[PDB]
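Raw protein31.pdb, PDB, C-alpha atoms and all ligand atoms:
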```
ATOM      1  CA  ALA A  16     -22.546   8.609  -8.848
ATOM      2  CA  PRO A  17     -20.437   7.297  -5.890
ATOM      3  CA  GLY A  18     -17.753   9.900  -4.873
ATOM      4  CA  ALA A  19     -15.789   7.412  -2.698
ATOM      5  CA  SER A  20     -14.883   4.618  -5.143
ATOM      6  CA  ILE A  21     -11.312   5.042  -6.577
ATOM      7  CA  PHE A  22      -7.979   5.968  -5.041
ATOM      8  CA  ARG A  23      -5.543   8.152  -6.976
ATOM      9  CA  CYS A  24      -1.994   9.364  -6.222
ATOM     10  CA  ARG A  25      -2.436  12.586  -4.152
ATOM     11  CA  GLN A  26       0.542  14.244  -5.914
ATOM     12  CA  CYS A  27      -0.429  13.630  -9.590
ATOM     13  CA  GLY A  28      -3.781  11.804 -10.031
ATOM     14  CA  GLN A  29      -2.436   8.455 -11.305
ATOM     15  CA  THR A  30      -5.167   5.761 -10.830
ATOM     16  CA  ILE A  31      -3.929   3.409  -8.028
ATOM     17  CA  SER A  32      -6.741   1.374  -6.374
ATOM     18  CA  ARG A  33     -10.456   1.137  -5.465
ATOM     19  CA  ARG A  34     -12.359   0.980  -2.161
ATOM     20  CA  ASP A  35     -13.799  -2.376  -3.434
ATOM     21  CA  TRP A  36     -10.224  -3.804  -3.309
ATOM     22  CA  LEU A  37      -9.563  -3.056   0.392
ATOM     23  CA  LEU A  38      -8.312  -6.292   2.097
ATOM     24  CA  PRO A  39      -8.900  -6.976   5.851
ATOM     25  CA  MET A  40      -5.447  -8.560   6.684
ATOM     26  CA  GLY A  41      -5.682 -10.047  10.225
ATOM     27  CA  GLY A  42      -9.267  -8.654  10.486
ATOM     28  CA  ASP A  43      -8.551  -4.962   9.601
ATOM     29  CA  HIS A  44      -7.690  -3.230   6.288
ATOM     30  CA  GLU A  45      -5.881  -0.495   8.352
ATOM     31  CA  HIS A  46      -2.475  -1.181  10.031
ATOM     32  CA  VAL A  47      -0.363   1.509  11.831
ATOM     33  CA  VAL A  48       3.389   0.761  11.741
ATOM     34  CA  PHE A  49       6.845   2.360  12.116
ATOM     35  CA  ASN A  50      10.066   1.880  10.196
ATOM     36  CA  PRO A  51      13.557   1.810  11.738
ATOM     37  CA  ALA A  52      13.783   5.646  11.236
ATOM     38  CA  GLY A  53      10.672   5.935  13.491
ATOM     39  CA  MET A  54       8.374   7.233  10.689
ATOM     40  CA  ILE A  55       4.737   6.225  11.446
ATOM     41  CA  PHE A  56       2.572   5.018   8.498
ATOM     42  CA  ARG A  57      -1.175   4.454   8.431
ATOM     43  CA  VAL A  58      -1.251   1.574   5.884
ATOM     44  CA  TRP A  59      -4.388   0.431   4.015
ATOM     45  CA  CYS A  60      -4.119  -3.135   2.676
ATOM     46  CA  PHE A  61      -5.410  -3.716  -0.868
ATOM     47  CA  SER A  62      -5.733  -7.037  -2.680
ATOM     48  CA  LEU A  63      -4.986  -5.159  -5.906
ATOM     49  CA  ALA A  64      -3.475  -1.882  -7.126
ATOM     50  CA  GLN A  65      -2.301  -0.476 -10.465
ATOM     51  CA  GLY A  66      -0.276   2.506 -11.669
ATOM     52  CA  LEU A  67       2.673   1.734  -9.356
ATOM     53  CA  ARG A  68       6.298   0.867 -10.053
ATOM     54  CA  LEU A  69       7.677  -1.896  -7.794
ATOM     55  CA  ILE A  70      11.376  -1.194  -7.110
ATOM     56  CA  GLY A  71      14.144  -3.821  -6.839
ATOM     57  CA  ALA A  72      13.929  -7.312  -5.323
ATOM     58  CA  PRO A  73      11.860  -8.378  -2.300
ATOM     59  CA  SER A  74      13.268  -8.145   1.246
ATOM     60  CA  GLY A  75      11.978  -9.686   4.505
ATOM     61  CA  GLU A  76      14.012  -7.185   6.640
ATOM     62  CA  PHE A  77      11.746  -5.438   9.229
ATOM     63  CA  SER A  78       8.616  -6.795   7.460
ATOM     64  CA  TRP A  79       5.437  -5.568   9.195
ATOM     65  CA  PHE A  80       3.512  -8.621   7.922
ATOM     66  CA  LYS A  81       4.710 -12.066   9.066
ATOM     67  CA  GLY A  82       5.701 -14.359   6.191
ATOM     68  CA  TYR A  83       5.881 -11.542   3.560
ATOM     69  CA  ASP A  84       8.785  -9.928   1.764
ATOM     70  CA  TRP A  85       8.318  -6.342   0.535
ATOM     71  CA  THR A  86       9.260  -4.124  -2.400
ATOM     72  CA  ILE A  87       8.885  -0.353  -2.365
ATOM     73  CA  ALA A  88       5.889   0.785  -4.459
ATOM     74  CA  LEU A  89       6.263   4.215  -6.108
ATOM     75  CA  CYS A  90       3.546   6.047  -8.050
ATOM     76  CA  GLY A  91       4.528   4.902 -11.573
ATOM     77  CA  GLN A  92       3.671   8.416 -12.888
ATOM     78  CA  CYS A  93       5.308  10.859 -10.412
ATOM     79  CA  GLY A  94       7.599   8.661  -8.242
ATOM     80  CA  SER A  95       5.776   9.474  -4.907
ATOM     81  CA  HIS A  96       6.387   6.682  -2.373
ATOM     82  CA  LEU A  97       2.862   5.275  -2.032
ATOM     83  CA  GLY A  98       3.719   2.099  -0.064
ATOM     84  CA  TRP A  99       4.904  -1.482  -0.566
ATOM     85  CA  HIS A 100       4.075  -4.671  -2.426
ATOM     86  CA  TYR A 101       4.126  -7.805  -0.250
ATOM     87  CA  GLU A 102       4.844 -11.288  -1.694
ATOM     88  CA  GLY A 103       6.149 -14.695  -0.690
ATOM     89  CA  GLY A 104       3.436 -15.302   1.970
ATOM     90  CA  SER A 105       0.224 -17.383   2.283
ATOM     91  CA  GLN A 106      -3.513 -16.620   1.870
ATOM     92  CA  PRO A 107      -2.861 -14.296   0.256
ATOM     93  CA  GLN A 108       0.524 -14.886  -1.436
ATOM     94  CA  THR A 109       0.634 -11.132  -2.329
ATOM     95  CA  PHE A 110      -1.037  -7.803  -1.418
ATOM     96  CA  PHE A 111      -0.314  -4.051  -1.383
ATOM     97  CA  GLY A 112       0.168  -1.919   1.710
ATOM     98  CA  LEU A 113      -0.459   1.706   0.683
ATOM     99  CA  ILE A 114      -0.034   4.847   2.809
ATOM    100  CA  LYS A 115      -3.626   6.208   3.242
ATOM    101  CA  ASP A 116      -2.706   9.937   3.437
ATOM    102  CA  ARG A 117      -0.699   9.707   0.117
ATOM    103  CA  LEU A 118      -3.880   8.749  -1.837
ATOM    104  CA  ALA A 119      -6.930  10.817  -2.776
ATOM    105  CA  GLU A 120     -10.370   9.172  -2.877
ATOM    106  CA  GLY A 121     -13.001  10.183  -5.433
ATOM    107  CA  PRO A 122     -15.473   9.172  -8.128
ATOM    108  CA  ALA A 123     -14.697   6.577 -10.871
TER
HETATM  109  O1  LIG B   1       7.340  -3.915   5.975
HETATM  110  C1  LIG B   1       8.127  -3.025   5.928
HETATM  111  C2  LIG B   1       8.257  -2.206   4.670
HETATM  112  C3  LIG B   1       9.583  -1.498   4.578
HETATM  113  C4  LIG B   1       9.712  -0.635   5.848
HETATM  114  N1  LIG B   1      11.003   0.065   5.829
HETATM  115  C5  LIG B   1      11.168   1.414   5.657
HETATM  116  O2  LIG B   1      10.097   2.184   5.541
HETATM  117  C6  LIG B   1      12.563   1.867   5.701
HETATM  118  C7  LIG B   1      13.215   3.068   5.599
HETATM  119  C8  LIG B   1      14.602   3.041   5.700
HETATM  120  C9  LIG B   1      15.330   1.850   5.899
HETATM  121  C10 LIG B   1      14.687   0.619   6.022
HETATM  122  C11 LIG B   1      13.307   0.642   5.948
HETATM  123  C12 LIG B   1      12.237  -0.373   6.012
HETATM  124  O3  LIG B   1      12.452  -1.649   6.179
HETATM  125  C13 LIG B   1       9.556  -1.470   7.064
HETATM  126  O4  LIG B   1      10.085  -1.069   8.115
HETATM  127  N2  LIG B   1       8.821  -2.589   7.003
HETATM  128 ZN    ZN B   2       1.812  10.249  -8.424
END
```

Using structure tokens, write down the structure that the file contains.
Ligand SMILES: O=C1CC[C@H](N2C(=O)c3ccccc3C2=O)C(=O)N1
Ligand SMILES: [Zn+2]
Amino acid sequence: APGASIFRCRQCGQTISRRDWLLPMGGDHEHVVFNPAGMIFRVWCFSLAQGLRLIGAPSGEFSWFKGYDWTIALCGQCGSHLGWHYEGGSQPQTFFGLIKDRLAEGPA
């Protein structure tokens, strides 16, 4: 009965990811970043996620992760901005960067 195994959308409960899918990009699954508007995000990298809607076409503008282009990732149920999908890079080609405090962790 593990209580710390799946991540859901904090706003609505949509299933998003799993602790097992955390990905240590450059040696750490956690990355702290800012956007051009100065908003700070504590980003958890995941190899895999579900339940999202990836919006529009990829962009390399202001990418936090060298060699990757991003798309906004919304909660596919409620529209909450949960993070970004990264693509176009190498080892891995793709991953998800999700905002830790916009997820809730709990049992499967
Ligand atoms: O890797 C990324 C993901 C997108 C992120 N980003 C934002 O969070 C944002 C908000 C408003 C205008 C432009 C941006 C932007 O590039 C950013 O700064 N880097
Ligand atoms: Zn949601």

Show me, as a tab-separated table, the residues of chain A having an atom within 6 Å of ligand LIG 1 (chain B), each with the closest atom pair and its distance in Å, using only C-alpha atoms and all ligand atoms.
```
residue	atom	partner	partner_atom	distance
A:50	CA	B:LIG1	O4	3.6
A:51	CA	B:LIG1	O4	5.8
A:76	CA	B:LIG1	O3	5.8
A:77	CA	B:LIG1	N2	4.7
A:78	CA	B:LIG1	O1	3.5
A:79	CA	B:LIG1	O1	4.1
A:85	CA	B:LIG1	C2	5.8
```

Report task. Quick one: apply the PyMOL selection byres (((chain A and resi 70) around 6) and not hetatm) to the file and drop the selected residues here as number ranges by chain. Result -> A: 69, 71, 86-87

Output of the above residues as a compact mmCIF listing (two decimals), in the frame of the given file, restricted to C-alpha atoms:
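What follows is the written file part12.txt:
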```
# COMPACT_ATOMS: atom_id res chain seq x y z
CA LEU A 69 7.68 -1.90 -7.79
CA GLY A 71 14.14 -3.82 -6.84
CA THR A 86 9.26 -4.12 -2.40
CA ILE A 87 8.88 -0.35 -2.37
```

Exercise for the section: Would you translate the PyMOL selection byres (((not hetatm)) within 9 of (chain B and resi 2)) into the concrete set of residues it matches in this file, as JSON, numbers by chain? Expected result: {"A": [23, 24, 25, 26, 27, 28, 29, 30, 31, 66, 67, 89, 90, 91, 92, 93, 94, 95, 96, 97, 117, 118]}

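The space between CA of residue 81 in chain A and CA of residue 48 in chain A spans 13.2 Å.
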
Selection in question (the file shown): the PyMOL selection byres (((chain A and resi 120) around 7) and not hetatm). Which residues does it include, as a PDB file with C-alpha atoms, in the coordinates of the input?
```pdb
ATOM      1  CA  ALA A  19     -15.789   7.412  -2.698  1.00  0.00           C
ATOM      2  CA  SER A  20     -14.883   4.618  -5.143  1.00  0.00           C
ATOM      3  CA  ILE A  21     -11.312   5.042  -6.577  1.00  0.00           C
ATOM      4  CA  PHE A  22      -7.979   5.968  -5.041  1.00  0.00           C
ATOM      5  CA  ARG A  23      -5.543   8.152  -6.976  1.00  0.00           C
ATOM      6  CA  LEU A 118      -3.880   8.749  -1.837  1.00  0.00           C
ATOM      7  CA  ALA A 119      -6.930  10.817  -2.776  1.00  0.00           C
ATOM      8  CA  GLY A 121     -13.001  10.183  -5.433  1.00  0.00           C
TER       9      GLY A 121
END
```

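Proximity of A:17, A:84, A:61, A:56 to residue 40 in chain A, computed with all atoms listed in the file, is greatest for A:61.
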
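Between CA of residue 64 in chain A and CA of residue 32 in chain A the interatomic distance comes to 4.7 Å.
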
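Minimum atom-to-atom distance to residue 38 in chain A, evaluated using all atoms listed in the file, belongs to A:112 out of A:73, A:98, A:122, A:112.
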
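The space separating CA of residue 109 in chain A from CA of residue 62 in chain A comes to 7.6 Å.
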
Exercise. Using all atoms listed in the file, give me every residue within 7 Å of (3.6, -8.1, 0.0) in file coordinates, as a VMD selection string.
Key: chain A and resid 83 to 85 99 to 102 109 to 111

With distances taken over only C-alpha atoms, the candidate from A:106, A:45, A:18, A:34 nearest residue 58 in chain A is A:45

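Restricting the calculation to all atoms listed in the file, the smallest distance between residue 74 in chain A and any of A:39, A:53, A:16, A:103 is found for A:103.
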
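With all atoms listed in the file as the atoms that count, the minimum distance from residue 114 in chain A to the choices A:63, A:52, A:72, A:47 is reached by A:47.
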
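Shortest atom-to-atom contact with residue 108 in chain A among A:46, A:123, A:60, A:82: A:82, counting all atoms listed in the file.
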
Kindly reconstruct range 54-80 of chain A with N, CA and C atoms and present the result as a PDB file, in the coordinates of the input.
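Result file result_24.pdb:
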```pdb
ATOM      1  N   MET A  54       9.502   6.613  11.436  1.00  0.00           N
ATOM      2  CA  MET A  54       8.374   7.233  10.689  1.00  0.00           C
ATOM      3  C   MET A  54       7.158   6.336  10.889  1.00  0.00           C
ATOM      4  N   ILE A  55       6.029   6.912  11.289  1.00  0.00           N
ATOM      5  CA  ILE A  55       4.737   6.225  11.446  1.00  0.00           C
ATOM      6  C   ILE A  55       4.018   6.217  10.085  1.00  0.00           C
ATOM      7  N   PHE A  56       3.410   5.079   9.728  1.00  0.00           N
ATOM      8  CA  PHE A  56       2.572   5.018   8.498  1.00  0.00           C
ATOM      9  C   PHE A  56       1.245   4.415   8.841  1.00  0.00           C
ATOM     10  N   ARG A  57       0.165   5.032   8.373  1.00  0.00           N
ATOM     11  CA  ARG A  57      -1.175   4.454   8.431  1.00  0.00           C
ATOM     12  C   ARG A  57      -1.400   3.729   7.095  1.00  0.00           C
ATOM     13  N   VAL A  58      -1.296   2.417   7.107  1.00  0.00           N
ATOM     14  CA  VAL A  58      -1.251   1.574   5.884  1.00  0.00           C
ATOM     15  C   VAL A  58      -2.639   0.968   5.684  1.00  0.00           C
ATOM     16  N   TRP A  59      -3.167   1.118   4.468  1.00  0.00           N
ATOM     17  CA  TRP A  59      -4.388   0.431   4.015  1.00  0.00           C
ATOM     18  C   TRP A  59      -3.932  -0.751   3.169  1.00  0.00           C
ATOM     19  N   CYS A  60      -4.433  -1.940   3.485  1.00  0.00           N
ATOM     20  CA  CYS A  60      -4.119  -3.135   2.676  1.00  0.00           C
ATOM     21  C   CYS A  60      -5.145  -3.275   1.557  1.00  0.00           C
ATOM     22  N   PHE A  61      -4.630  -3.512   0.367  1.00  0.00           N
ATOM     23  CA  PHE A  61      -5.410  -3.716  -0.868  1.00  0.00           C
ATOM     24  C   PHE A  61      -5.006  -5.048  -1.471  1.00  0.00           C
ATOM     25  N   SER A  62      -6.024  -5.777  -1.966  1.00  0.00           N
ATOM     26  CA  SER A  62      -5.733  -7.037  -2.680  1.00  0.00           C
ATOM     27  C   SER A  62      -5.042  -6.717  -4.005  1.00  0.00           C
ATOM     28  N   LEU A  63      -5.333  -5.532  -4.542  1.00  0.00           N
ATOM     29  CA  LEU A  63      -4.986  -5.159  -5.906  1.00  0.00           C
ATOM     30  C   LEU A  63      -4.708  -3.656  -5.926  1.00  0.00           C
ATOM     31  N   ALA A  64      -3.817  -3.285  -6.802  1.00  0.00           N
ATOM     32  CA  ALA A  64      -3.475  -1.882  -7.126  1.00  0.00           C
ATOM     33  C   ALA A  64      -2.869  -1.873  -8.513  1.00  0.00           C
ATOM     34  N   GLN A  65      -2.843  -0.714  -9.118  1.00  0.00           N
ATOM     35  CA  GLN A  65      -2.301  -0.476 -10.465  1.00  0.00           C
ATOM     36  C   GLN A  65      -1.565   0.844 -10.445  1.00  0.00           C
ATOM     37  N   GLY A  66      -0.870   1.172 -11.503  1.00  0.00           N
ATOM     38  CA  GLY A  66      -0.276   2.506 -11.669  1.00  0.00           C
ATOM     39  C   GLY A  66       0.979   2.705 -10.850  1.00  0.00           C
ATOM     40  N   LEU A  67       1.477   1.648 -10.206  1.00  0.00           N
ATOM     41  CA  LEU A  67       2.673   1.734  -9.356  1.00  0.00           C
ATOM     42  C   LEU A  67       3.861   1.244 -10.163  1.00  0.00           C
ATOM     43  N   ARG A  68       5.044   1.495  -9.636  1.00  0.00           N
ATOM     44  CA  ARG A  68       6.298   0.867 -10.053  1.00  0.00           C
ATOM     45  C   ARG A  68       6.893   0.220  -8.811  1.00  0.00           C
ATOM     46  N   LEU A  69       7.095  -1.092  -8.894  1.00  0.00           N
ATOM     47  CA  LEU A  69       7.677  -1.896  -7.794  1.00  0.00           C
ATOM     48  C   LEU A  69       9.181  -1.909  -8.004  1.00  0.00           C
ATOM     49  N   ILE A  70       9.934  -1.508  -6.994  1.00  0.00           N
ATOM     50  CA  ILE A  70      11.376  -1.194  -7.110  1.00  0.00           C
ATOM     51  C   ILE A  70      12.204  -2.337  -6.520  1.00  0.00           C
ATOM     52  N   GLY A  71      13.140  -2.847  -7.308  1.00  0.00           N
ATOM     53  CA  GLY A  71      14.144  -3.821  -6.839  1.00  0.00           C
ATOM     54  C   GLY A  71      13.553  -5.170  -6.525  1.00  0.00           C
ATOM     55  N   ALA A  72      14.239  -5.907  -5.644  1.00  0.00           N
ATOM     56  CA  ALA A  72      13.929  -7.312  -5.323  1.00  0.00           C
ATOM     57  C   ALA A  72      13.338  -7.331  -3.918  1.00  0.00           C
ATOM     58  N   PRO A  73      12.517  -8.337  -3.597  1.00  0.00           N
ATOM     59  CA  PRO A  73      11.860  -8.378  -2.300  1.00  0.00           C
ATOM     60  C   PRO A  73      12.868  -8.554  -1.162  1.00  0.00           C
ATOM     61  N   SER A  74      12.498  -8.065  -0.003  1.00  0.00           N
ATOM     62  CA  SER A  74      13.268  -8.145   1.246  1.00  0.00           C
ATOM     63  C   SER A  74      12.336  -8.510   2.389  1.00  0.00           C
ATOM     64  N   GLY A  75      12.757  -9.384   3.301  1.00  0.00           N
ATOM     65  CA  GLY A  75      11.978  -9.686   4.505  1.00  0.00           C
ATOM     66  C   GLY A  75      12.389  -8.821   5.685  1.00  0.00           C
ATOM     67  N   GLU A  76      13.440  -8.006   5.541  1.00  0.00           N
ATOM     68  CA  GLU A  76      14.012  -7.185   6.640  1.00  0.00           C
ATOM     69  C   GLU A  76      12.937  -6.247   7.186  1.00  0.00           C
ATOM     70  N   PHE A  77      12.680  -6.317   8.486  1.00  0.00           N
ATOM     71  CA  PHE A  77      11.746  -5.438   9.229  1.00  0.00           C
ATOM     72  C   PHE A  77      10.322  -5.572   8.700  1.00  0.00           C
ATOM     73  N   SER A  78       9.986  -6.639   7.978  1.00  0.00           N
ATOM     74  CA  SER A  78       8.616  -6.795   7.460  1.00  0.00           C
ATOM     75  C   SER A  78       7.568  -6.655   8.542  1.00  0.00           C
ATOM     76  N   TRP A  79       6.591  -5.792   8.301  1.00  0.00           N
ATOM     77  CA  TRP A  79       5.437  -5.568   9.195  1.00  0.00           C
ATOM     78  C   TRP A  79       4.451  -6.710   9.129  1.00  0.00           C
ATOM     79  N   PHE A  80       4.559  -7.600   8.144  1.00  0.00           N
ATOM     80  CA  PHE A  80       3.512  -8.621   7.922  1.00  0.00           C
ATOM     81  C   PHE A  80       4.218  -9.980   7.870  1.00  0.00           C
TER      82      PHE A  80
END
```
